[PDB]
Amino acid sequence: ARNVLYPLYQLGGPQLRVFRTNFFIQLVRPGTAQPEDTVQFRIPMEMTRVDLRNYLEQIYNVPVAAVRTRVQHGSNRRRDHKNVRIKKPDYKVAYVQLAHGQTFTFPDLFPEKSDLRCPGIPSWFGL
Amino acid sequence: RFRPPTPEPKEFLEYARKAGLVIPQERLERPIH
Amino acid sequence: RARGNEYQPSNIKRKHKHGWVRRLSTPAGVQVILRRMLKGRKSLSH
Amino acid sequence: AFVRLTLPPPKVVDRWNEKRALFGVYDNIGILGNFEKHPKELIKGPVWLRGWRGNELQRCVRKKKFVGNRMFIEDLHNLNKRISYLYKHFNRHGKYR
Amino acid sequence: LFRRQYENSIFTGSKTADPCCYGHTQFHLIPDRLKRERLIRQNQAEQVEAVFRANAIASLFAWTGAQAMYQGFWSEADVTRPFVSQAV
Amino acid sequence: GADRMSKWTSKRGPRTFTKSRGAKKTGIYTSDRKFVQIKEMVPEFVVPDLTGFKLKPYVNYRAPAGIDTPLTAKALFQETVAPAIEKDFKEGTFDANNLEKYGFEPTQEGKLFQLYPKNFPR
Amino acid sequence: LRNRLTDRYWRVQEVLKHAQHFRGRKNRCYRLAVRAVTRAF
Amino acid sequence: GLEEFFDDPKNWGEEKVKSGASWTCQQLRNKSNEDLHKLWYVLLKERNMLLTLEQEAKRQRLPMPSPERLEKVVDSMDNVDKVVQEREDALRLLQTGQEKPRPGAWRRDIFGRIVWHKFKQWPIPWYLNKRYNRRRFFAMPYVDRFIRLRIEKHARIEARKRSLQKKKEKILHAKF
Amino acid sequence: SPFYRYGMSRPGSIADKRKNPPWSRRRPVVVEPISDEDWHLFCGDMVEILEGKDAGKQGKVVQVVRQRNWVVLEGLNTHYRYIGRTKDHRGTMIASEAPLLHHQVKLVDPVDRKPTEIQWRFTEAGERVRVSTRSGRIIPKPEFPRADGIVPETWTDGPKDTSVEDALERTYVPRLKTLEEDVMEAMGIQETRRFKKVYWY
RNA sequence: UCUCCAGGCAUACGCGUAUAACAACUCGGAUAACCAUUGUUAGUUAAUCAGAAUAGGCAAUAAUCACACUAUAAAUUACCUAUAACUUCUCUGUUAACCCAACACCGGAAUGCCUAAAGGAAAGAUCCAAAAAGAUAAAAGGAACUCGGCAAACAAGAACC
RNA sequence: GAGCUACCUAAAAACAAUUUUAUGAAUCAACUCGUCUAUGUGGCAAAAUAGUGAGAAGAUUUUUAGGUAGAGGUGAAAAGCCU
RNA sequence: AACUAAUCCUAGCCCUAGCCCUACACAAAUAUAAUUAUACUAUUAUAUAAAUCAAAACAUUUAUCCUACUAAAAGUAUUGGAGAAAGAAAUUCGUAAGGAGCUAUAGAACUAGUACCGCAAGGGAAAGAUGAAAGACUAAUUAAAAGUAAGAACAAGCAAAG
Ligand SMILES: [Mg+2]
Ligand SMILES: [Mg+2]
Ligand SMILES: [Mg+2]
Ligand SMILES: [Mg+2]
Ligand SMILES: [Mg+2]
Ligand SMILES: [Mg+2]
Ligand SMILES: [Mg+2]
Ligand SMILES: [Mg+2]
Ligand SMILES: [Mg+2]
Ligand SMILES: [Mg+2]
Ligand SMILES: [Mg+2]
Ligand SMILES: [Mg+2]
Ligand SMILES: [Mg+2]
Ligand SMILES: [Mg+2]
Ligand SMILES: [Mg+2]
Ligand SMILES: [Mg+2]
Ligand SMILES: [Mg+2]
Ligand SMILES: [Mg+2]
Ligand SMILES: [Mg+2]
Ligand SMILES: [Mg+2]
Ligand SMILES: [Mg+2]
Ligand SMILES: [Mg+2]
Ligand SMILES: [Mg+2]
Ligand SMILES: [Mg+2]
Ligand SMILES: [Mg+2]
Ligand SMILES: [Mg+2]
Ligand SMILES: [Mg+2]
Ligand SMILES: [Mg+2]
Ligand SMILES: [Mg+2]
Ligand SMILES: [Mg+2]
Ligand SMILES: [Mg+2]
């Protein structure tokens, strides 16, 4: 969970449990070409790769073998009408390699596939 | 010194046609009569 | 020699010379921040 | 020069509103009221110049006397500097000695 | 798999002047990070053997290849004799 | 010529400059630079069994909404604690000392979930 | 700007009408037209 | 599985998708704490699917079908979050009487302002921490002038603000 | 934004974001402020046009822009325009309604159709109701279709929509336990370790 | 494909999306093509590259292939004694033709490897006037030029105040 | 305000080939410097270009971080340098 | 027979009057190279304001600056290179929302302490204009500035005057 306090842990302390999770993730189509097992996610910047593994395995029951993450810099070059820089939010991209030989390919959503001889005179006139 | 280059923005259609835009259709709140 | 390139950027030097922690170190530097807050500056320090 | 190309909206002055109609009443409150009140007590304005008149240097000093200690820092700085500007002009500069 | 630019080296375990220019056997110890228990925990149980195979192919290809270039064989003069080595 | 307005992040500066993006720590760095992850420090997602659950994301437009009555301590106290104390007072088995009997906790220390200072996340 | 001169247009026209038959910028530019008109007078 | 990140296969490509009303707070209050815990994850899976569909629409440069569905989901999660917050708040008040879950205090900073300070968790007491003792919760006398300048600056803004409202009503009364 | 001018097009629509771009600084429109209590015109109320092109013609309200004190009547105060104009085709001629200010219209008595001024007053139950200034009478609040197009009576829930009774079922049992404790007990999680001392400061 | 030129590839520092695709053809490139421009969408993936327990006791003998060899400017946590803990992988950097010089500035810019296998194009079309700038050749003479052998030279040697 | 420059502190770097010797020695690159002439003079450049030159194992050059501040600092004294 | 242009009215502002204030606003982050969830290295204004300037130089001195109720006593007593200048008291008196202000080069610098300039302290802009309705296709009004175009010039000269 994000924007919440985690109890400080000291030797012998309990397990840290989050009953309701503030993390929301979205599955995105890869920009470059990825192995069939690999899956891309966009995740909140405060999520760790450990969080994604347990998040997917428990909420969605997806067996995960590896997770890789990167932080993408958002562009700050576009300027508004007052010449003030506009910021695209920075985000974190997670690469999930499925386990058990399982394969996934992004689905294809949105499968949907007068008279030339009397010019300039209104035709309504019957005279 | 100098003055800044404000881009200084029947015209919206050209603006969005050159730039390209996603114009989602809108449900008319009042039905046309 | 050609002048005009007296600025040799370095983030370590910049944050040490004009940074938040540096400005608060002495009372005169704290008053630098107080002036800028009163003026309304968007950037109090580097 | 350039001039307006259309006439400005007509200006209407109502001459018999309450303020205009009853203007000047109770100005002889003294002679017609046994002198309990002076007419200068009926003036509404800044505290330092009710029933008083002076040149700019005199007005600056009198404002300082009345509200000087309740003024803002920036205003008191400007007021004090205006006094010194006017003092040096009226006492050192001019055609007549 | 990540790219870097640094010295290119072909080595068999000794320099070309060394008379012992051939290979008999290599013994490899897998790091604890790749051992059986950790892989099973990570749910990559099918990779337990894969770790062994990858190390041999890379380890032996480099060692058998490096021996060949100690004998003068390269991509434009391909080996006339198969070069053999084994590893555990 | 440095940019004073953009946010200071770990992407900027020399290699030595590093700082976090807001992710919570999950372990400790020992001497000689060994990272030791602590299992308890890693959050656990407690997910319930949703089999046979009748509630779905959206609701009937035909379902009447209710008048808002935000919960107050008085309303909570009356619903839960008033029935016992009132019945006990009639029975006469009541005293100030035994408020724990009705659910009062003199102190939060020793509880896994403490209401103040809060020691659990949402 | 409590008080601003509002007749400058007609003041300019007075000098200009006496200069319209000159050649050059003397016939249209007040600063040059004014001097040329006086010499004519 | 990963199938849950996408809508029903039939719905793909459809111009619109029918959705019901979002949960209101009062309806949620009827449900038990255990039910809300399950209902949260039901909403979360729907939210992830809608966030997923929103991005794919942008990638394809197409309008997102029935974008109101996302708004309804976000509202319900706020209501579920709110109702649970109320229940904890009342229970905290009854057993402790505290108005905030987190400790804090009113403190004056080195610039002479009064700011609420939110406490942090440490393993050692405050008098032994050397990183805490560098932080100053007091202002030296050279701040006194700047304190007055703020009050006078604020007084000017409010006086201007009152004056303008009076002028605006004059325009209304003349117009009407 | 202080300069956003309210128009007939709904706020946030493509037309609105072109009629009111961020850089627009048009002159404010002067609106006689009207209290939420004072305002008495509602969608579906029949009203009469006091003056104008269609003065004396009664109509039905279909839209209200309260920021402009506007009431829009169906089929009245209509000028003509082309909709769907394209390069190849002219479009279709239609009559477009224009806004009418509140003071240019009056509400209509139901039984006797006349422009009766009304006054707000409570009832026996206590609900606020409009009453005619003359011929004192209850003008009922009319029913207007929902803006989003959702008719509850016709609505039939599809998948992912909770059924009525299930939404209205009561399962809450008041107790002095947080949501955290309830779930752990219900799910049977056991934790006997306790957090060490933390010095909040 | 041809003709010709000869500091290129990495890292550090710095910069901060200029990266890539598409669509645009207003603004930006000192012009066009095309885009470095505008809008939209994407991107940089690391346990090895790179970044971020306590208390005592004690040290004579450089480096340079370290041997010989001398020298002078005299020159780099370890090992022990006790205590304590008793299986760990999270976080962050990773794009580009890039930076400092108001500019797509003939300037400035550290290190490793290598010297053409890498990287590049001096001419928009035409015309061959003066004056101006640069390169090459010189009949006979050889400082007569000039403030002065300045500049240039098939010279670059010798001496003296 | 010492990210330029003057000087300093700490931690680091670079110097091929050739001859002498055993070196603030020699020839000459990289590198540092800027002698003389021409071009340029709102220029490529608010001090450059092209040639020609001086040093090039040292009082050498270069990199990174720190220090000294205007009644002052620094100075192999040019009243030089301190954006 | 028109291009470049021009016209415009309200965004706000100004001075008073009145008035102590109790605006200090979700979660989270931040004094670490601020805005980086936990130990390491702990934390702290200032001794007298000076000078310009006046004294036609300058060297003691030079109103306000460096505030203690109004009107009078009074520019009086006094103080002073007895020069320039400075200047009391005793005592008496005292019960109370507006504009012959600005209207886009004006009024606040302000559409903004932003863009931009500067290593930093710091400096610091410019501008808008349809209508009841744009779910009426975003209007009109003007021989009107300089500048041009329509329409290069035709012995001889402060360019005009008779
Ligand atoms: Mg990484
Ligand atoms: Mg500069
Ligand atoms: Mg430098
Ligand atoms: Mg590109
Ligand atoms: Mg293109
Ligand atoms: Mg582009
Ligand atoms: Mg490393
Ligand atoms: Mg790269
Ligand atoms: Mg140029
Ligand atoms: Mg090549
Ligand atoms: Mg070329
Ligand atoms: Mg040519
Ligand atoms: Mg020659
Ligand atoms: Mg010859
Ligand atoms: Mg001669
Ligand atoms: Mg001679
Ligand atoms: Mg010569
Ligand atoms: Mg330095
Ligand atoms: Mg050498
Ligand atoms: Mg030498
Ligand atoms: Mg030499
Ligand atoms: Mg020499
Ligand atoms: Mg020196
Ligand atoms: Mg000398
Ligand atoms: Mg200087
Ligand atoms: Mg004097
Ligand atoms: Mg003096
Ligand atoms: Mg202004
Ligand atoms: Mg201004
Ligand atoms: Mg003209
Ligand atoms: Mg003549």
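Bear in mind that the values in this text are calculations on the coordinates, not laboratory data. Quick reminder, even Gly has a Cβ in these numbers, built from the backbone with ideal geometry, and neighbours come from all protein chains shown.
For the stretch I:169-200, give me each residue that is facing chain H (nearest Cβ under 9 Å) and aromatic (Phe, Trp, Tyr).
I:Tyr172, I:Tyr199, I:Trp200
Hey, could you check the stretch C:1-35 for residues that are assigned to a loop (DSSP other than H, G, I, E, B) and closer than 20 Å to H:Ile110 by Cβ and say which is farthest from RNA strand K (Cβ to nearest atom)?
Initial filter on the stretch C:1-35 (assigned to a loop (DSSP other than H, G, I, E, B)): C:1-10, C:19, C:24-26.
From the residues that got through so far, the ones that are closer than 20 Å to H:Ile110 by Cβ too are C:19, C:24-26.
On the way: C:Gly19: 9, C:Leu24: 12, C:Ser25: 10, C:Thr26: 9 Å.
Filtering first and then ranking leaves C:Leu24.
Does E:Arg4 count as within 16 Å of ligand 1 (Cβ to nearest atom), assigned to a loop (DSSP other than H, G, I, E, B) and away from chain A (no Cβ under 14 Å)?
When the stated conditions are applied, E:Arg4 passes them.
Restricted to the stretch E:41-62, and to residues that are within 12 Å of chain A (Cβ to nearest Cβ) and in contact with a helix residue (DSSP H, G or I) (Cβ under 7 Å, 6 or more places away or on another chain), which residue is nearest to A:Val64 (Cα to Cα)?
Step one: of the stretch E:41-62, the residues within 12 Å of chain A (Cβ to nearest Cβ) are E:41-47, E:50.
Those still in the list that are in contact with a helix residue (DSSP H, G or I) (Cβ under 7 Å, 6 or more places away or on another chain) too: E:45, E:47.
Values: E:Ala45: 11, E:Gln47: 13 Å.
Among those that are within 12 Å of chain A (Cβ to nearest Cβ) and in contact with a helix residue (DSSP H, G or I) (Cβ under 7 Å, 6 or more places away or on another chain), it is E:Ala45.
Do you know which residues across the stretch H:76-107 are surrounded by fewer than 18 Cβ atoms within 10 Å (Cβ to Cβ), within 30 Å of A:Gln26 (Cα to Cα) and among the polar types (S, T, N, Q)?
Scanning the stretch H:76-107 gives a single hit, H:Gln85.
Where residues in chain C are surrounded by 10 or more Cβ atoms within 10 Å (Cβ to Cβ) and farther than 28 Å from H:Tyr142 by Cβ, which of them is farthest from ligand 1 (Cβ to nearest atom)? Steps first, please.
Step one: list which residues in chain C are surrounded by 10 or more Cβ atoms within 10 Å (Cβ to Cβ), which gives C:10-27, C:29-38, C:41, C:44-46.
This time we only want the ones that are farther than 28 Å from H:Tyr142 by Cβ, so: C:10-13.
On the way: C:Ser10: 25, C:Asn11: 21, C:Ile12: 23, C:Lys13: 28 Å.
By that ranking, first place goes to C:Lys13.
Checking the structure you have, find out if any residue of the stretch A:57-73 is over 30 Å from H:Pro65 (Cα atoms), surrounded by fewer than 12 Cβ atoms within 10 Å (Cβ to Cβ) and among the hydrophobic types (A, V, I, L, M, F, W, C).
No, the stretch A:57-73 has no match at all.
If I ask for residues that are of a type in the set (A, V, I, L, M, F, W, C) and surrounded by 15 or more Cβ atoms within 10 Å (Cβ to Cβ), which ones from the stretch I:89-117 would you list? Spell out the reasoning first.
Applying the first criterion (of a type in the set (A, V, I, L, M, F, W, C)) to the stretch I:89-117 yields I:93-95, I:98, I:100-101, I:105, I:107-108, I:111.
Hits for the stretch I:89-117 are I:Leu100, I:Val105, I:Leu107, I:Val108.
Might you check whether a residue that is in contact with a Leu (Cβ under 8 Å, 6 or more places away or on another chain) and over 21 Å from C:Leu38 (Cβ atoms) occurs anywhere in the stretch H:100-113?
For the stretch H:100-113, residues in contact with a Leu (Cβ under 8 Å, 6 or more places away or on another chain) and over 21 Å from C:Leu38 (Cβ atoms): present.
Taking the stretch A:47-88 only, how many residues are aliphatic (A, V, I, L, M) and either more than 16 Å from ligand 1 (Cβ to nearest atom) or closer than 20 Å to I:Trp23 by Cβ (or both)?
Of the residues in the stretch A:47-88, 7 are aliphatic (A, V, I, L, M) and either more than 16 Å from ligand 1 (Cβ to nearest atom) or closer than 20 Å to I:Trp23 by Cβ (or both).
Within the stretch D:1-18, how many residues turn out to be closer than 22 Å to G:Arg8 by Cα and either surrounded by 10 or more Cβ atoms within 10 Å (Cβ to Cβ) or hydrophobic (A, V, I, L, M, F, W, C) (or both)?
5
So, of the residues in the stretch B:1-22 that are part of a loop (DSSP other than H, G, I, E, B) and surrounded by 10 or more Cβ atoms within 10 Å (Cβ to Cβ), which turns out to be nearest to ligand 1 (Cβ to nearest atom)?
Taking the stretch B:1-22 as the starting set, the residues that turn out to be part of a loop (DSSP other than H, G, I, E, B) are B:1-11, B:20-22.
Now narrow it down to the ones that are surrounded by 10 or more Cβ atoms within 10 Å (Cβ to Cβ): B:6, B:21-22.
Details: B:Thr6: 42, B:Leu21: 36, B:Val22: 34 Å.
Among those that are part of a loop (DSSP other than H, G, I, E, B) and surrounded by 10 or more Cβ atoms within 10 Å (Cβ to Cβ), it is B:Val22.
Please find, within the stretch F:19-45, the residue that is farthest from the other protein chains (Cβ to nearest Cβ) out of those that are farther than 14 Å from A:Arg17 by Cα and of a type in the set (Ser, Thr, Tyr). Break it down stepwise before answering.
In the first step, residues of the stretch F:19-45 are kept if they are farther than 14 Å from A:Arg17 by Cα; the result is F:19-23, F:25, F:27-37.
Okay, now just the ones that are also of a type in the set (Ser, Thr, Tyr), so F:20, F:29-31.
Working: F:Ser20: 9, F:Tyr29: 15, F:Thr30: 14, F:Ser31: 17 Å.
Checking each candidate, the answer is F:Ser31.
Does H:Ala90 satisfy being more than 13 Å from chain F (Cβ to nearest Cβ), more than 23 Å from I:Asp166 (Cβ to Cβ) and of a type outside the set (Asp, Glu)? Quick ask: steps written out before the conclusion?
Details: more than 13 Å from chain F (Cβ to nearest Cβ): no; more than 23 Å from I:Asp166 (Cβ to Cβ): yes; of a type outside the set (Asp, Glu): yes.
It is false that H:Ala90 is more than 13 Å from chain F (Cβ to nearest Cβ), more than 23 Å from I:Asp166 (Cβ to Cβ) and of a type outside the set (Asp, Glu).
Within the set of pairs 6 or more residues apart or between chains, which connect a residue that is polar (S, T, N, Q) inside the stretch I:72-90 to a residue that is in a strand (DSSP E or B) with Cβ atoms less than 6 Å apart?
These pairs meet every condition: I:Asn77/I:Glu97; I:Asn77/I:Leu100; I:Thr78/I:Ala95; I:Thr78/I:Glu97.
Could you grab the pairs with beta carbons closer than 8 Å, sequence gap of 6+ or different chains, first residue in the stretch C:1-19 and under 13 Å from F:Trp8 (Cβ atoms), second one near RNA strand L (Cβ under 6 Å from one of its atoms) and acidic (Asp, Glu)?
none
Considering each of F:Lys54, F:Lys118 in turn, give the residue that is within 12 Å of chain H (Cβ to nearest Cβ), more than 18 Å from I:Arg175 (Cβ to Cβ) and touching a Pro at 6+ places or on another chain (Cβ under 8 Å).
Exactly one of F:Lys54, F:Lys118 is within 12 Å of chain H (Cβ to nearest Cβ), more than 18 Å from I:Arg175 (Cβ to Cβ) and touching a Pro at 6+ places or on another chain (Cβ under 8 Å), namely F:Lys118.
All but one of (1) within 16 Å of RNA strand L (Cβ to nearest atom); (2) under 30 Å from F:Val47 (Cα atoms); (3) touching a strand residue (DSSP E or B) at 6+ places or on another chain (Cβ under 8 Å) hold for A:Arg42, so report the exception by its number.
(1)
For every residue, the table says whether it meets (1) part of a loop (DSSP other than H, G, I, E, B); (2) closer than 30 Å to F:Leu55 by Cα; (3) basic (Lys, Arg); (4) more than 12 Å from every other protein chain (Cβ to nearest Cβ).
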site: I:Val61; (1), (2), (3), (4): no, no, no, no
site: I:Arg85; (1), (2), (3), (4): yes, no, yes, no
site: I:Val129; (1), (2), (3), (4): no, no, no, yes
site: I:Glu143; (1), (2), (3), (4): yes, no, no, yes
site: I:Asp148; (1), (2), (3), (4): yes, yes, no, no
site: I:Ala167; (1), (2), (3), (4): no, yes, no, no
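(1) within 14 Å of RNA strand L (Cβ to nearest atom); (2) within 14 Å of chain I (Cβ to nearest Cβ); (3) buried (at least 16 other Cβ atoms within 10 Å of the Cβ): which one isn't true of A:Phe19, the others all being true?
(1)
Residues to consider are H:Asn48, H:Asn129; find the one that is more than 10 Å from chain F (Cβ to nearest Cβ) and either in a strand (DSSP E or B) or buried (at least 20 other Cβ atoms within 10 Å of the Cβ) (or both).
Working: H:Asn129 fails: either in a strand (DSSP E or B) or buried (at least 20 other Cβ atoms within 10 Å of the Cβ) (or both).
The match here is H:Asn48.
Tell me, which residue of the stretch C:1-18 that is under 13 Å from the mean Cα position of the chain (by Cα) and farther than 14 Å from F:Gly13 by Cα is farthest from RNA strand L (Cβ to nearest atom)? Explain how you work it out, then say what you get.
Filtering the stretch C:1-18 down to residues under 13 Å from the mean Cα position of the chain (by Cα) leaves C:11-18.
Now restrict to residues that are farther than 14 Å from F:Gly13 by Cα: C:17-18.
Working: C:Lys17: 6, C:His18: 4 Å.
Going through the qualifying residues, I end up with C:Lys17.
Just wondering, is there one or more residues in the stretch H:85-102 that are among the aliphatic types (A, V, I, L, M) and farther than 22 Å from H:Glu34 by Cβ? Reasoning before the result, please.
We begin by selecting, within the stretch H:85-102, every residue among the aliphatic types (A, V, I, L, M); these are H:90-91, H:93-94.
Subsequent filtering for residues that are farther than 22 Å from H:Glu34 by Cβ retains H:93.
Looking for residues that are among the aliphatic types (A, V, I, L, M) and farther than 22 Å from H:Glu34 by Cβ, one finds at least one in the stretch H:85-102, hence yes.
Evaluate the following for F:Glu79: is it farther than 30 Å from A:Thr48 by Cβ, more than 16 Å from ligand 1 (Cβ to nearest atom) and either more than 31 Å from the chain's Cα centre (by Cα) or among the acidic types (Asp, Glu) (or both)? Break it down into steps so the answer makes sense when it comes.
Values: farther than 30 Å from A:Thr48 by Cβ: yes; more than 16 Å from ligand 1 (Cβ to nearest atom): yes; either more than 31 Å from the chain's Cα centre (by Cα) or among the acidic types (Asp, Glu) (or both): yes.
Yes: the conditions hold for F:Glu79.
Only residues in the stretch A:82-106 that are at negative phi and within 14 Å of chain E (Cβ to nearest Cβ) count as the first member; pair them with residues that are among the small types (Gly, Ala, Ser) and away from ligand 1 (no atom under 16 Å from the Cβ), Cβ under 7 angstrom, at least 6 apart or cross-chain, and list the lot.
A:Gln97/A:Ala65; A:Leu98/A:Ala65; A:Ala99/A:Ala65
Could you pull out the residue among F:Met41, F:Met5 that is of a type in the set (A, V, I, L, M, F, W, C), surrounded by 14 or more Cβ atoms within 10 Å (Cβ to Cβ) and either touching a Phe, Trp or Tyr at 6+ places or on another chain (Cβ under 7 Å) or within 22 Å of C:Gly19 (Cα to Cα) (or both)? Show your work before the answer.
Numbers: F:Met5 fails: surrounded by 14 or more Cβ atoms within 10 Å (Cβ to Cβ).
Only one candidate qualifies: F:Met41.
So, A:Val28, is that one more than 7 Å from every other protein chain (Cβ to nearest Cβ) and of a type in the set (A, V, I, L, M, F, W, C) or not? So that I can check it myself, show each step before the final result.
Numbers: more than 7 Å from every other protein chain (Cβ to nearest Cβ): no; of a type in the set (A, V, I, L, M, F, W, C): yes.
So A:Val28 fails the test.
Within the stretch H:55-75, which residues are buried (at least 18 other Cβ atoms within 10 Å of the Cβ) and facing another protein chain (nearest Cβ under 7 Å)?
Selection gives H:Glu56, H:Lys72, H:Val73.
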